[PDB]
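Trainee: Pasting a structure below so you can have a look.
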Amino acid sequence: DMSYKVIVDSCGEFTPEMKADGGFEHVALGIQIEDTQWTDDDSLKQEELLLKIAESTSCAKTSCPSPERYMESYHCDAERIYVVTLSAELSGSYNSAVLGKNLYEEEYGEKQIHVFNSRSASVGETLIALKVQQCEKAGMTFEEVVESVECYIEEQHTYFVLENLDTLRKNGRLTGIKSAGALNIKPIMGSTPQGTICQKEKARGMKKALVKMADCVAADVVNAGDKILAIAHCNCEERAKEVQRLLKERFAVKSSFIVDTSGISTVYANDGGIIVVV
Amino acid sequence: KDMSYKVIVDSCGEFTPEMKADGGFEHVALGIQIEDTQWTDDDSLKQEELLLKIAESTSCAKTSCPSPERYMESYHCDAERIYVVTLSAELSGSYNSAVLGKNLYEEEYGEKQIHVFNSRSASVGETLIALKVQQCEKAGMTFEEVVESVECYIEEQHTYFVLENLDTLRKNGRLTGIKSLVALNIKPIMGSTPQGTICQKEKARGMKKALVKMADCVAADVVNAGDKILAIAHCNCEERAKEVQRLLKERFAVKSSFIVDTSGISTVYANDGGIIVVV
Ligand SMILES: CCCCCC/C=C\CCCCCCCCCC(=O)O
Ligand SMILES: CCCCCC/C=C\CCCCCCCCCC(=O)O
Ligand code: NA
Ligand code: NA
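Line order of the protein sequences matches chains P and B.
Taking UniProt numbering, I'd label the letters of the first sequence as residues 53 to 231, 234 to 332.
Taking UniProt numbering, I'd label the letters of the second sequence as residues 52 to 234, 237 to 332.
Dropping the structure here:
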């Protein structure tokens, strides 16, 4: 009985193995830069997006998926539907997925559909989708999957260091956080348990910030041998491999992987950004 | 051989007969003050004597949490691992005292595995967390693994209650954010927030329809009820507890359920006729 589908909004990256699996499906967000309106799918190559961001003087804007396209993704032959979305504190994607479930039941009746508020972004959503699959392979019931994945979400922590925080700041995703000292100061950012962004540390220069971020991850992680560590990078794979090396010096994980940022992740992480989740 | 672990629960958390007979569960008592009378909340305090004293006293009851020194002493024993389950940190100093007791322990003695769980609940909410600790230990998990699994359960755990008399919680500052209703026979359906505070979930006219609405609230929030234990605490109204149990069974199936009489602390704040439901 593998009658299930894992729906993830487009911010959550897919590894090549997940793309070849068939059980993972994306629901794409929208991206708007000046007078260009794009859909965050696999037809939007990262370089063209980064080049458009670089030329546009105006900050990029994004839009969550509509409830109707969530509902359409629920309507299929799979018995159990699991939805993984951006943090509800950072995007309307969660509320839209929940509304799509209400629309589905009005048009088609009851179905086992659960929407997971990742309280995170990017590879945070990826790891949750992988956790759903792991639970399904272990033979859990639908409600057992929900409980175990919601526990993993509670254990999961997100961290990131960017070169350019302006897109998150201008789009209202950094409210409360204090902003200009040394020009090479790099804040180490992270999630809160509620799914908002906070500042965890700071360092002058990228090399020192990556070390401090590695320390922050290691200071919070528990039972790391049971967990997969994910790293998303925006056009800086050698920086991603260095972060992986720093983290391996500090704790042992079950496994780890590195992925390129999705369209939404690229828009908000910007050129040179690094996101770590475990 | 020494016991591998002990679960310390403050006296608000009721023990089932099976837990009372298990030396792996141990209470740390709170204090109860009603007019000129001071009681330790332990098994030697009869609920009827407490209820009769409350009924006669025009003065509202007062309570006190355990001291950090008392918690520290409870940690110093032959059991290897110590788990502590306390009242919600937002409703009592019991959690802060247990954490301070741990800090004092590590300063005075060799390092020991001690973890304090903020239940963000009360009464059988603490009971079920203590049972979950035992379940995780029986599953063979490590200390860190037990801690992480129990904290996940705590986030899942929701508390609901309907009382005949909310005055003790109100007078003692435990309903700070809730608007009080004017006195036909409207009964508010109260419950926990994820932070461990009390909120009003619903309201109904009469006790019978209040229990129905509470049962609806429990059913609306519960995840994977089939694997969970549902607990019902009642203060001198066992038939009301069995009716609530019946209403919940109409809405979802659980692995098992139990009913217990309220502890001393739970009795003081739930009062005669109170009902508490946790799953
Ligand atoms: C709570 C932890 C968040 C970690 C953020 C990591 C940095 C960049 C990843 C992309 C974050 C995107 C957040 C804003 C998405 C808004 C999309 C929309 O609804 O328009
Ligand atoms: C957060 C959910 C709370 C549910 C409350 C259920 C009603 C009665 C159970 C007893 C509650 C006791 C709370 C106050 C305890 C204060 C003890 C102290 O003096 O520190
Ligand atoms: Na559309
Ligand atoms: Na008084």
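Idealized CB from N, CA, C, for every residue including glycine.
Could you run through the segment 269-281 of chain B and flag, in chain order, every residue whose CB is less than 8 Å away from some CB of chain P?
Mentor: Flagged, chain order: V276, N277, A278, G279 and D280.
Trainee: Mind pulling the chain B residues with CB within less than 8 Å of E207/P?
Mentor: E199 and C203, listed in chain order.
Trainee: Given this structure, state the Cα-to-Cα distance separating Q89/P from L81/P, to the nearest angstrom.
Mentor: The alpha-carbon atoms of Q89/P and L81/P are separated by roughly 11 Å.
Trainee: Under 7 Å: does the beta carbon of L138/B sit that close to some heavy atom of ligand 2?
Mentor: Yes, ligand 2 has a heavy atom inside 7 Å of this Cβ.
Trainee: Please list, in chain order, the chain P residues whose beta carbon lies closer than 9 Å to that of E195/B.
Mentor: Chain P residues near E195/B: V276 and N277.
Trainee: With DSSP run on the structure shown, which of helix, strand or coil describes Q186/B?
Mentor: If DSSP states are grouped into helix, strand and coil, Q186/B belongs with the helices.
Trainee: Does at least one heavy atom of ligand 4 sit under 7 Å from the Cβ of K104/B?
Mentor: Checking the Cβ of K104/B against ligand 4 gives no.
Trainee: Secondary structure at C252/P, three-state DSSP: helix, strand or coil?
Mentor: Reduced to three states, the DSSP call for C252/P is strand.
Trainee: When you compare only the Cα positions, how much space is there between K163/B and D92/B?
Mentor: If you take the alpha carbons of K163/B and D92/B, they lie about 28 Å apart.
Trainee: Is there contact between the segment 184-197 of chain P and the segment 211-227 of chain P, where contact requires at least three CB pairs shorter than 8 Å?
Mentor: With a cut-off of 8 Å, the segment 211-227 of chain P and the segment 184-197 of chain P do not count as touching, because too few Cβ pairs lie within range.
Trainee: Return yes when the C-beta of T227/P is under 7 Å from any heavy atom of ligand 1, and no when it is not.
Mentor: Outside the cutoff, so no.
Trainee: Assuming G249/B contacts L142/B (C-beta within less than 8 Å), just tell me the rounded distance between them.
Mentor: Yes, they are in contact, since the Cβ atoms of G249/B and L142/B sit about 7 Å apart, within 8 Å.
Trainee: For ligand 4, which residues count as neighbours when the test is a C-beta closer than 7 Å to any heavy atom?
Mentor: In chain order, the hits are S110/B, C111/B and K222/B.
Trainee: Taking DSSP's pairing of strands, which residues face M243/B in a bridge?
Mentor: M243/B pairs with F212/B and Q253/B.
Trainee: If we ignore side chains and look at the alpha-carbon of each, how far apart do residue 337/P and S310/B end up?
Mentor: The question about residue 337/P has no answer, for chain P in this structure spans 53 to 332.
Trainee: I need the boundaries of the alpha helix (DSSP H) containing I229/B, first residue and last residue.
Mentor: Where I229/B is concerned, there is no enclosing alpha helix (DSSP H), given that its DSSP letter is neither H nor E.
Trainee: Can you tell me whether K308/B is helix, strand or coil according to DSSP?
Mentor: Looking at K308/B - three-state DSSP - the assignment turns out to be coil, as it is neither helix nor strand.
Trainee: Name the two residues that bound the continuous beta strand (DSSP E) containing residue 233/P.
Mentor: Not modelled: residue 233/P, which lies between 231 and 234, the two residues flanking a gap in chain P.
Trainee: With DSSP collapsed to three states, give me the class of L81/P.
Mentor: It is coil, neither helix nor strand.
Trainee: Please find out if some non-hydrogen atom of ligand 2 comes closer than 7 Å to the beta-carbon of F76/P.
Mentor: No - ligand 2 has no heavy atom lying nearer than 7 Å to the Cβ of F76/P.
Trainee: Where DSSP assigns a beta bridge to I329/B, which residues make up the other side?
Mentor: The partner list for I329/B (beta bridge, DSSP) reads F212/B and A286/B.
Trainee: Considering only their Cβ atoms, is the gap separating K308/B from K281/B smaller than 8 Å?
Mentor: Against a cut-off of 8 Å, the Cβ pair of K308/B and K281/B comes out as a contact.
Trainee: Measuring CB atoms only, is the segment 128-145 of chain P touching the segment 172-183 of chain P, in the sense that at least three cross pairs come out at less than 8 Å?
Mentor: Because the criterion of three Cβ pairs below 8 Å is met, the segment 128-145 of chain P and the segment 172-183 of chain P touch.
Trainee: Any heavy atom of ligand 1 closer than 7 Å to the beta-carbon of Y322/P?
Mentor: Yes, the beta carbon of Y322/P sits closer than 7 Å to at least one heavy atom of ligand 1.
Trainee: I328/B: beta carbon under 7 Å from a heavy atom of ligand 2?
Mentor: No.
Trainee: Do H209/B and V332/B have their C-beta atoms closer together than 8 Å?
Mentor: A contact, by the Cβ cut-off of 8 Å.
Trainee: Under 7 Å, CB to any heavy atom of ligand 3. Which residues pass, going along the chain?
Mentor: Ordered along the chain, the selected set is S118/P, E120/P and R121/P.
Trainee: With a threshold of 6 Å on Cβ separation, who are the neighbours of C290/P within its own chain once the five nearest residues in sequence on each side are excluded?
Mentor: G326, listed in sequence order.
Trainee: Any heavy atom of ligand 1 closer than 7 Å to the Cβ of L81/P?
Mentor: Yes, the beta carbon of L81/P sits closer than 7 Å to at least one heavy atom of ligand 1.
Trainee: Taking all protein chains shown into account, do 16 or more other C-beta atoms lie within 10 angstroms of the C-beta of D274/P, making it buried, or fewer, making it exposed?
Mentor: By the 10 Å Cβ count, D274/P comes out exposed.
Trainee: Taking only the alpha-carbon atoms, compute the straight-line gap between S110/P and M243/P and give it to the nearest angstrom.
Mentor: Taking the straight line from one Cα to the other gives about 24 Å.
Trainee: Looking at ligand 2, does it come within less than 7 Å of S245/B, judged from the CB to the closest heavy atom?
Mentor: Within the cutoff, so yes.
Trainee: First and last residue of the beta strand (DSSP E) that includes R221/B?
Mentor: That residue, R221/B, is in no beta strand (DSSP E); its alpha helix (DSSP H) goes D218 to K222.
Trainee: Does any heavy atom of ligand 1 sit closer than 7 Å to the C-beta of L96/P?
Mentor: No, since every heavy atom of ligand 1 falls outside the 7 Å radius drawn around the Cβ of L96/P.
Trainee: With DSSP as the reference, identify every bridge partner of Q89/B, one or two as the case may be.
Mentor: In the DSSP output, where bridge partners are listed per residue, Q89/B has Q84/B.
Trainee: Return the CA-CA distance between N147/B and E196/P, expressed in angstroms with no decimal places.
Mentor: Taking the straight line joining both Cα atoms gives about 33 Å.
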